[PDB]
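Visitor: Contents of target38.pdb (PDB, C-alpha atoms and all ligand atoms) are below:
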ATOM      1  CA  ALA N   1       0.000   0.000   0.000
ATOM      2  CA  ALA N   2       1.023   3.604  -0.619
ATOM      3  CA  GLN N   3      -0.215   6.691   1.225
ATOM      4  CA  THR N   4       0.740   9.831  -0.696
ATOM      5  CA  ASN N   5       1.521  13.113   1.080
ATOM      6  CA  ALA N   6       1.954  11.260   4.344
ATOM      7  CA  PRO N   7       3.422  12.927   7.418
ATOM      8  CA  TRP N   8       7.193  12.987   6.965
ATOM      9  CA  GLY N   9       7.757  10.505   9.810
ATOM     10  CA  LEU N  10       5.595   7.835   8.221
ATOM     11  CA  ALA N  11       7.382   8.273   4.903
ATOM     12  CA  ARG N  12      10.707   8.092   6.756
ATOM     13  CA  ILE N  13       9.861   4.796   8.459
ATOM     14  CA  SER N  14       9.362   3.094   5.075
ATOM     15  CA  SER N  15      12.332   4.712   3.320
ATOM     16  CA  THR N  16      16.038   4.081   2.864
ATOM     17  CA  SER N  17      16.483   7.859   2.764
ATOM     18  CA  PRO N  18      15.190  11.239   4.013
ATOM     19  CA  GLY N  19      13.189  13.616   1.859
ATOM     20  CA  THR N  20      10.294  11.562   0.531
ATOM     21  CA  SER N  21       6.601  11.892   1.322
ATOM     22  CA  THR N  22       4.839   8.619   0.525
ATOM     23  CA  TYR N  23       4.366   5.969   3.224
ATOM     24  CA  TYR N  24       4.619   2.369   1.975
ATOM     25  CA  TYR N  25       3.326  -0.510   4.079
ATOM     26  CA  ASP N  26       1.846  -3.989   3.895
ATOM     27  CA  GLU N  27      -1.950  -3.802   3.722
ATOM     28  CA  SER N  28      -2.287  -6.015   6.816
ATOM     29  CA  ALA N  29      -1.517  -2.787   8.697
ATOM     30  CA  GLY N  30      -1.322  -4.261  12.200
ATOM     31  CA  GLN N  31      -4.718  -5.983  11.997
ATOM     32  CA  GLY N  32      -5.089  -8.418  14.926
ATOM     33  CA  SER N  33      -2.532  -6.603  17.080
ATOM     34  CA  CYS N  34      -3.196  -4.259  19.996
ATOM     35  CA  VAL N  35      -1.345  -1.219  21.289
ATOM     36  CA  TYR N  36      -1.850   0.267  24.730
ATOM     37  CA  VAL N  37      -1.190   3.995  24.900
ATOM     38  CA  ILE N  38      -0.333   4.783  28.511
ATOM     39  CA  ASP N  39      -0.715   8.528  28.690
ATOM     40  CA  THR N  40      -3.335  11.287  29.153
ATOM     41  CA  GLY N  41      -6.010   9.155  27.461
ATOM     42  CA  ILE N  42      -7.317   8.863  23.899
ATOM     43  CA  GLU N  43     -10.224  10.723  22.306
ATOM     44  CA  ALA N  44     -11.767   7.526  20.951
ATOM     45  CA  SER N  45     -14.539   9.355  19.097
ATOM     46  CA  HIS N  46     -12.014  11.023  16.777
ATOM     47  CA  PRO N  47     -12.973  10.030  13.203
ATOM     48  CA  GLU N  48      -9.295   9.213  12.568
ATOM     49  CA  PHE N  49      -9.567   6.153  14.848
ATOM     50  CA  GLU N  50     -12.498   4.600  12.965
ATOM     51  CA  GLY N  51     -13.889   2.930  16.086
ATOM     52  CA  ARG N  52     -10.607   1.078  16.684
ATOM     53  CA  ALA N  53      -9.749   3.087  19.817
ATOM     54  CA  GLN N  54     -11.216   2.784  23.285
ATOM     55  CA  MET N  55     -10.434   3.844  26.840
ATOM     56  CA  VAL N  56      -9.922   0.863  29.120
ATOM     57  CA  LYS N  57      -8.645   2.481  32.334
ATOM     58  CA  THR N  58      -8.275   5.762  34.161
ATOM     59  CA  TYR N  59      -6.984   6.735  37.609
ATOM     60  CA  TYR N  60      -8.735  10.096  37.530
ATOM     61  CA  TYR N  61     -12.268  11.424  37.668
ATOM     62  CA  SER N  62     -12.625  10.933  33.931
ATOM     63  CA  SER N  63     -11.169   8.803  31.153
ATOM     64  CA  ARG N  64     -11.358  11.747  28.761
ATOM     65  CA  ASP N  65      -8.157  13.116  27.286
ATOM     66  CA  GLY N  66      -8.403  16.749  28.353
ATOM     67  CA  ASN N  67      -4.831  17.399  27.231
ATOM     68  CA  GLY N  68      -4.320  16.027  23.713
ATOM     69  CA  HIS N  69      -0.907  14.418  24.215
ATOM     70  CA  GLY N  70      -2.276  10.854  24.522
ATOM     71  CA  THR N  71      -4.542  11.383  21.533
ATOM     72  CA  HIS N  72      -1.586  12.605  19.465
ATOM     73  CA  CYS N  73       0.543   9.596  20.425
ATOM     74  CA  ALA N  74      -2.336   7.197  19.711
ATOM     75  CA  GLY N  75      -2.747   8.847  16.315
ATOM     76  CA  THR N  76       0.872   8.152  15.415
ATOM     77  CA  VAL N  77       0.451   4.512  16.445
ATOM     78  CA  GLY N  78      -2.761   3.801  14.598
ATOM     79  CA  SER N  79      -4.873   6.592  13.121
ATOM     80  CA  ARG N  80      -5.981   6.141   9.516
ATOM     81  CA  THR N  81      -4.032   9.147   8.210
ATOM     82  CA  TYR N  82      -1.305   9.761  10.776
ATOM     83  CA  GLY N  83      -0.645   6.230  11.997
ATOM     84  CA  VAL N  84       1.968   3.569  11.365
ATOM     85  CA  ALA N  85      -0.345   0.577  12.002
ATOM     86  CA  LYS N  86      -3.610   1.707  10.487
ATOM     87  CA  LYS N  87      -5.640  -1.369  11.463
ATOM     88  CA  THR N  88      -4.404  -1.989  15.018
ATOM     89  CA  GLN N  89      -6.660  -1.840  18.071
ATOM     90  CA  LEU N  90      -5.849   1.023  20.436
ATOM     91  CA  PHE N  91      -6.385   0.847  24.201
ATOM     92  CA  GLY N  92      -6.074   3.982  26.311
ATOM     93  CA  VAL N  93      -4.782   3.890  29.881
ATOM     94  CA  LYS N  94      -4.968   7.317  31.512
ATOM     95  CA  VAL N  95      -2.096   7.511  34.008
ATOM     96  CA  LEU N  96      -1.482  11.212  33.324
ATOM     97  CA  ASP N  97      -3.840  13.996  34.323
ATOM     98  CA  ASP N  98      -5.011  16.706  31.935
ATOM     99  CA  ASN N  99      -1.881  18.745  32.688
ATOM    100  CA  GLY N 100       0.239  15.795  31.535
ATOM    101  CA  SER N 101       1.419  14.981  35.059
ATOM    102  CA  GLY N 102       1.260  11.711  36.964
ATOM    103  CA  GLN N 103       2.624  10.268  40.179
ATOM    104  CA  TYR N 104       5.003   7.357  39.682
ATOM    105  CA  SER N 105       2.724   5.152  41.816
ATOM    106  CA  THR N 106      -0.126   5.714  39.348
ATOM    107  CA  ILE N 107       2.142   5.110  36.356
ATOM    108  CA  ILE N 108       3.341   1.843  37.926
ATOM    109  CA  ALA N 109      -0.256   0.781  38.570
ATOM    110  CA  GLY N 110      -1.030   1.484  34.900
ATOM    111  CA  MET N 111       1.810  -0.732  33.705
ATOM    112  CA  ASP N 112       0.759  -3.623  35.930
ATOM    113  CA  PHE N 113      -2.803  -3.051  34.716
ATOM    114  CA  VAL N 114      -1.752  -3.575  31.096
ATOM    115  CA  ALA N 115       0.165  -6.752  31.946
ATOM    116  CA  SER N 116      -3.085  -8.236  33.275
ATOM    117  CA  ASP N 117      -5.563  -6.491  30.996
ATOM    118  CA  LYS N 118      -4.132  -7.977  27.819
ATOM    119  CA  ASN N 119      -5.674 -11.258  29.001
ATOM    120  CA  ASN N 120      -9.071  -9.570  28.614
ATOM    121  CA  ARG N 121      -8.439  -8.455  25.032
ATOM    122  CA  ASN N 122      -8.253 -10.118  21.629
ATOM    123  CA  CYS N 123      -4.775  -9.565  20.228
ATOM    124  CA  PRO N 124      -3.891 -12.750  18.328
ATOM    125  CA  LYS N 125      -0.934 -11.092  16.576
ATOM    126  CA  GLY N 126       0.550  -9.569  19.724
ATOM    127  CA  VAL N 127       0.482  -6.739  22.237
ATOM    128  CA  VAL N 128       2.481  -3.499  22.389
ATOM    129  CA  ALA N 129       2.576  -0.695  24.968
ATOM    130  CA  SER N 130       3.650   2.862  24.177
ATOM    131  CA  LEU N 131       4.917   4.971  27.097
ATOM    132  CA  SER N 132       5.531   8.580  26.058
ATOM    133  CA  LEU N 133       6.359   9.704  29.571
ATOM    134  CA  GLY N 134       9.154   9.688  32.102
ATOM    135  CA  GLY N 135      10.874  11.282  35.052
ATOM    136  CA  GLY N 136      14.003  10.892  37.154
ATOM    137  CA  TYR N 137      15.576   7.503  37.789
ATOM    138  CA  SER N 138      13.391   5.146  39.811
ATOM    139  CA  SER N 139      14.130   1.461  40.299
ATOM    140  CA  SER N 140      10.417   0.866  40.965
ATOM    141  CA  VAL N 141       9.345   2.495  37.699
ATOM    142  CA  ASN N 142      11.997   0.551  35.788
ATOM    143  CA  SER N 143      10.915  -2.698  37.444
ATOM    144  CA  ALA N 144       7.290  -2.086  36.465
ATOM    145  CA  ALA N 145       8.328  -1.576  32.844
ATOM    146  CA  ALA N 146      10.421  -4.759  33.039
ATOM    147  CA  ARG N 147       7.445  -6.719  34.379
ATOM    148  CA  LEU N 148       5.225  -5.440  31.598
ATOM    149  CA  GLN N 149       7.790  -6.529  29.018
ATOM    150  CA  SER N 150       8.333  -9.892  30.721
ATOM    151  CA  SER N 151       4.563 -10.527  30.673
ATOM    152  CA  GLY N 152       4.613 -10.639  26.853
ATOM    153  CA  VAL N 153       4.132  -7.002  25.841
ATOM    154  CA  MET N 154       6.484  -5.115  23.528
ATOM    155  CA  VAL N 155       7.243  -2.048  25.629
ATOM    156  CA  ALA N 156       8.414   1.109  23.863
ATOM    157  CA  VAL N 157       9.361   4.080  26.052
ATOM    158  CA  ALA N 158      10.487   7.640  25.349
ATOM    159  CA  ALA N 159      14.155   8.398  25.934
ATOM    160  CA  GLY N 160      13.297  11.858  27.282
ATOM    161  CA  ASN N 161      13.688  15.445  26.109
ATOM    162  CA  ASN N 162      16.610  16.702  28.206
ATOM    163  CA  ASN N 163      19.396  16.527  25.583
ATOM    164  CA  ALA N 164      21.105  14.337  28.182
ATOM    165  CA  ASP N 165      22.108  10.757  28.927
ATOM    166  CA  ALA N 166      18.935   8.713  29.422
ATOM    167  CA  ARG N 167      20.632   6.595  32.114
ATOM    168  CA  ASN N 168      19.265   9.122  34.632
ATOM    169  CA  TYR N 169      15.611   8.779  33.636
ATOM    170  CA  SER N 170      12.862   6.180  34.048
ATOM    171  CA  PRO N 171      11.502   4.104  32.450
ATOM    172  CA  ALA N 172      14.039   5.128  29.740
ATOM    173  CA  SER N 173      16.927   3.521  31.629
ATOM    174  CA  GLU N 174      15.310   0.083  31.964
ATOM    175  CA  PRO N 175      17.474  -2.258  29.845
ATOM    176  CA  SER N 176      14.751  -4.757  28.931
ATOM    177  CA  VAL N 177      12.347  -2.329  27.227
ATOM    178  CA  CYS N 178      12.795  -0.479  23.928
ATOM    179  CA  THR N 179      14.057   3.051  24.604
ATOM    180  CA  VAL N 180      13.345   5.466  21.762
ATOM    181  CA  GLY N 181      15.201   8.654  20.813
ATOM    182  CA  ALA N 182      13.953  11.294  18.375
ATOM    183  CA  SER N 183      15.143  12.434  14.945
ATOM    184  CA  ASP N 184      14.150  15.215  12.554
ATOM    185  CA  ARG N 185      13.229  15.210   8.856
ATOM    186  CA  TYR N 186      16.835  15.924   7.876
ATOM    187  CA  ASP N 187      18.074  12.862   9.785
ATOM    188  CA  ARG N 188      19.541  14.882  12.622
ATOM    189  CA  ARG N 189      19.143  13.788  16.213
ATOM    190  CA  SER N 190      16.349  16.014  17.503
ATOM    191  CA  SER N 191      17.959  18.796  19.497
ATOM    192  CA  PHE N 192      16.094  17.855  22.700
ATOM    193  CA  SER N 193      16.523  14.094  22.361
ATOM    194  CA  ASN N 194      18.206  12.172  25.122
ATOM    195  CA  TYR N 195      20.934   9.722  24.130
ATOM    196  CA  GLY N 196      23.268   7.178  25.717
ATOM    197  CA  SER N 197      23.925   3.452  25.894
ATOM    198  CA  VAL N 198      20.377   2.721  27.103
ATOM    199  CA  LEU N 199      18.839   3.863  23.797
ATOM    200  CA  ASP N 200      17.796   1.073  21.452
ATOM    201  CA  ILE N 201      16.458   2.982  18.455
ATOM    202  CA  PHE N 202      15.507   6.377  17.035
ATOM    203  CA  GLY N 203      12.211   7.360  15.442
ATOM    204  CA  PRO N 204      10.750  10.536  13.916
ATOM    205  CA  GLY N 205      10.184  13.058  16.714
ATOM    206  CA  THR N 206      10.443  16.625  15.397
ATOM    207  CA  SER N 207       7.369  18.306  13.867
ATOM    208  CA  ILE N 208       5.050  15.300  13.892
ATOM    209  CA  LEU N 209       1.498  15.779  12.604
ATOM    210  CA  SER N 210      -1.154  13.688  14.323
ATOM    211  CA  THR N 211      -4.585  13.706  15.932
ATOM    212  CA  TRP N 212      -5.578  16.091  18.711
ATOM    213  CA  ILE N 213      -8.589  16.504  20.978
ATOM    214  CA  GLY N 214     -11.774  18.159  19.749
ATOM    215  CA  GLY N 215     -11.502  16.103  16.556
ATOM    216  CA  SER N 216      -8.545  18.177  15.383
ATOM    217  CA  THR N 217      -4.907  17.722  14.345
ATOM    218  CA  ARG N 218      -1.597  19.398  15.144
ATOM    219  CA  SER N 219       2.151  19.110  14.822
ATOM    220  CA  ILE N 220       4.245  18.757  17.985
ATOM    221  CA  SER N 221       7.723  17.480  18.880
ATOM    222  CA  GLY N 222       9.292  15.136  21.397
ATOM    223  CA  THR N 223      10.617  11.696  22.135
ATOM    224  CA  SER N 224       6.923  11.285  22.997
ATOM    225  CA  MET N 225       6.261  11.394  19.244
ATOM    226  CA  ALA N 226       9.112   9.062  18.293
ATOM    227  CA  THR N 227       7.965   6.361  20.702
ATOM    228  CA  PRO N 228       4.579   5.663  19.049
ATOM    229  CA  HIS N 229       6.257   5.341  15.615
ATOM    230  CA  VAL N 230       8.245   2.449  17.099
ATOM    231  CA  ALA N 231       5.230   1.032  18.961
ATOM    232  CA  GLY N 232       3.163   1.105  15.763
ATOM    233  CA  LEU N 233       6.041  -0.418  13.820
ATOM    234  CA  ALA N 234       6.238  -3.285  16.325
ATOM    235  CA  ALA N 235       2.498  -3.951  16.017
ATOM    236  CA  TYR N 236       2.782  -3.880  12.230
ATOM    237  CA  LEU N 237       5.729  -6.311  12.240
ATOM    238  CA  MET N 238       3.991  -8.613  14.704
ATOM    239  CA  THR N 239       0.930  -9.020  12.474
ATOM    240  CA  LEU N 240       3.261  -9.761   9.545
ATOM    241  CA  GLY N 241       4.771 -12.365  11.838
ATOM    242  CA  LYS N 242       8.334 -11.081  11.393
ATOM    243  CA  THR N 243       8.795 -10.843  15.168
ATOM    244  CA  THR N 244       7.266 -11.229  18.643
ATOM    245  CA  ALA N 245       6.901  -9.060  21.745
ATOM    246  CA  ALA N 246      10.065 -10.491  23.315
ATOM    247  CA  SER N 247      12.125 -10.020  20.155
ATOM    248  CA  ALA N 248      10.663  -6.925  18.493
ATOM    249  CA  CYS N 249      13.127  -4.357  19.855
ATOM    250  CA  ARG N 250      16.071  -6.497  18.689
ATOM    251  CA  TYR N 251      14.372  -7.090  15.341
ATOM    252  CA  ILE N 252      13.711  -3.382  14.820
ATOM    253  CA  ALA N 253      17.351  -2.640  15.683
ATOM    254  CA  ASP N 254      18.559  -5.447  13.354
ATOM    255  CA  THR N 255      16.544  -4.080  10.433
ATOM    256  CA  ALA N 256      16.992  -0.348  11.100
ATOM    257  CA  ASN N 257      18.594   2.184   8.808
ATOM    258  CA  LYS N 258      22.162   2.269  10.139
ATOM    259  CA  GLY N 259      24.623   5.153  10.464
ATOM    260  CA  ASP N 260      22.365   7.684   8.754
ATOM    261  CA  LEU N 261      21.687  10.100  11.633
ATOM    262  CA  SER N 262      23.815  13.134  12.446
ATOM    263  CA  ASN N 263      24.887  14.417  15.873
ATOM    264  CA  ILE N 264      24.624  11.013  17.510
ATOM    265  CA  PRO N 265      27.063  11.108  20.446
ATOM    266  CA  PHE N 266      29.837   8.547  20.528
ATOM    267  CA  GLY N 267      28.453   5.439  22.278
ATOM    268  CA  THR N 268      24.798   5.879  21.284
ATOM    269  CA  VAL N 269      23.265   3.640  18.610
ATOM    270  CA  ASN N 270      22.924   5.176  15.154
ATOM    271  CA  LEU N 271      19.769   3.301  14.182
ATOM    272  CA  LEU N 272      16.569   4.671  12.674
ATOM    273  CA  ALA N 273      13.343   2.647  12.709
ATOM    274  CA  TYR N 274      12.576   1.166   9.292
ATOM    275  CA  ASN N 275       9.827  -1.213   8.146
ATOM    276  CA  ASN N 276      11.878  -2.810   5.350
ATOM    277  CA  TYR N 277       8.726  -2.965   3.264
ATOM    278  CA  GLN N 278       9.360  -3.738  -0.390
ATOM    279  CA  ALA N 279       6.296  -2.694  -2.376
TER     280      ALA N 279
HETATM  281 CA    CA I   1      16.247   0.229  27.019
END
Produce structure tokens that represent the structure in this file.
Guide:
Amino acid sequence: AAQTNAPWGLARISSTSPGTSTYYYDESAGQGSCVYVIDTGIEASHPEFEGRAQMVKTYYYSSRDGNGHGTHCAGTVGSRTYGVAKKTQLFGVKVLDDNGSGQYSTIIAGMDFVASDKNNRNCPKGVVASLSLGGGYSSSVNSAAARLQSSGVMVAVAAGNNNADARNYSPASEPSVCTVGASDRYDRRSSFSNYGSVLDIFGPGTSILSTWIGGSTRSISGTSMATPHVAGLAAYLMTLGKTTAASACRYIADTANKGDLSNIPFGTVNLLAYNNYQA
């Protein structure tokens, strides 16, 4: 399949080089997979989700996304126009309030929720979780992410937006999950992107168009935006078979565009998420 005039990040994920604008992908499009977006929620009624999104959990007085961040991330995973895996099922877990804040205890509860909740969902091709959030190093937060991964969920987490070594942030610093840095449309490391040995992969993160609340769209930037490209890619690859939750981060790294990004600090992987789709 070919989507013309796609957001640059989608085109990038299916290209051996930067500067094209058509997204190419296998028509299966993540059908039969599921992605949990653990964030401020998802506006499930957005036409871009086509009934494939739903809220499954909140820790606040509402499950509504009153921020937009979660809706944007979900859009990059699986919206019809702005998404990587255009046929995946999207499950919203609201661990962040409408200001985008959340206590680590609530975030941990959300991760353990997903590890159990997947047993209440139909995801024959596999389960992914996208965590576009983080804070300072916490062994408890890292351990929760590790449990989620161990339970059979492909966990993708944002590296963070501090232009610093991600070793000092959680869940970014958890070795067993897939830690995602951000790049721009000219294949530069995004200026805010964290880096370091704990990173596994980079994805498009600067000026990313996606869904927003009130049935709208907007372009924003962050490792928060890179993460759902990788989460969607994992879901897509899992329905193709290609890989599994336990192996998807390694597979994505194995098949990535290599050595193409600029301003990657010595010691950080130079790997850009790539679907290796041959039309
Ligand atoms: Ca990691």
Visitor: What's the 9 Å shell around stretch 149-155 of chain N, counting only C-alpha atoms, without same-chain residues fewer than 5 positions away, as a list in words?
Guide: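 Near stretch 149-155 of chain N, the qualifying residues are residues 114, 115, 116, 118, 126, 127, 128, 129, 130, 131, 144, 176, 177, 178, 179, 231, 234, 235, 244, 245, 246, 247, 248 and 249 of chain N.
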Visitor: Starting from the displayed file, determine the output of the PyMOL selection byres (((chain N and resi 226) around 10) and not hetatm) and express the residue list as a tab-separated table (two decimals) with C-alpha atoms, keeping the file's coordinate frame.
Guide:
chain	number	residue	atom	x	y	z
N	9	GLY	CA	7.76	10.50	9.81
N	73	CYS	CA	0.54	9.60	20.42
N	76	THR	CA	0.87	8.15	15.42
N	77	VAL	CA	0.45	4.51	16.44
N	132	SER	CA	5.53	8.58	26.06
N	156	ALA	CA	8.41	1.11	23.86
N	157	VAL	CA	9.36	4.08	26.05
N	158	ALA	CA	10.49	7.64	25.35
N	159	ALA	CA	14.16	8.40	25.93
N	180	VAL	CA	13.34	5.47	21.76
N	181	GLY	CA	15.20	8.65	20.81
N	182	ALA	CA	13.95	11.29	18.38
N	183	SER	CA	15.14	12.43	14.94
N	184	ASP	CA	14.15	15.22	12.55
N	193	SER	CA	16.52	14.09	22.36
N	201	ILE	CA	16.46	2.98	18.45
N	202	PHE	CA	15.51	6.38	17.04
N	203	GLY	CA	12.21	7.36	15.44
N	204	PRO	CA	10.75	10.54	13.92
N	205	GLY	CA	10.18	13.06	16.71
N	206	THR	CA	10.44	16.62	15.40
N	208	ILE	CA	5.05	15.30	13.89
N	221	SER	CA	7.72	17.48	18.88
N	222	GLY	CA	9.29	15.14	21.40
N	223	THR	CA	10.62	11.70	22.14
N	224	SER	CA	6.92	11.28	23.00
N	225	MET	CA	6.26	11.39	19.24
N	227	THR	CA	7.96	6.36	20.70
N	228	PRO	CA	4.58	5.66	19.05
N	229	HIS	CA	6.26	5.34	15.62
N	230	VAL	CA	8.24	2.45	17.10
N	231	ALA	CA	5.23	1.03	18.96
N	273	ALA	CA	13.34	2.65	12.71
Visitor: Applying 12 Å and only C-alpha atoms, which residues near residue N:31 remain after dropping the ones on its own chain fewer than 6 positions away? List them as a PyMOL selection string.
Guide: chain N and resi 52+78+84-90+122-127+232+235-241
Visitor: By how many Å are atom CA of residue N:164 and atom CA of residue N:13 apart?
Guide: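 According to the coordinates, atom CA of residue N:164 and atom CA of residue N:13 are separated by 24.6 Å.
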Visitor: At a cut-off of 8 Å around the point (-13.4, 14.3, 15.4) (file coordinates), what residues fall inside when counting only C-alpha atoms? I'd like the answer as a PyMOL selection string.
Guide: chain N and resi 45-48+213-216
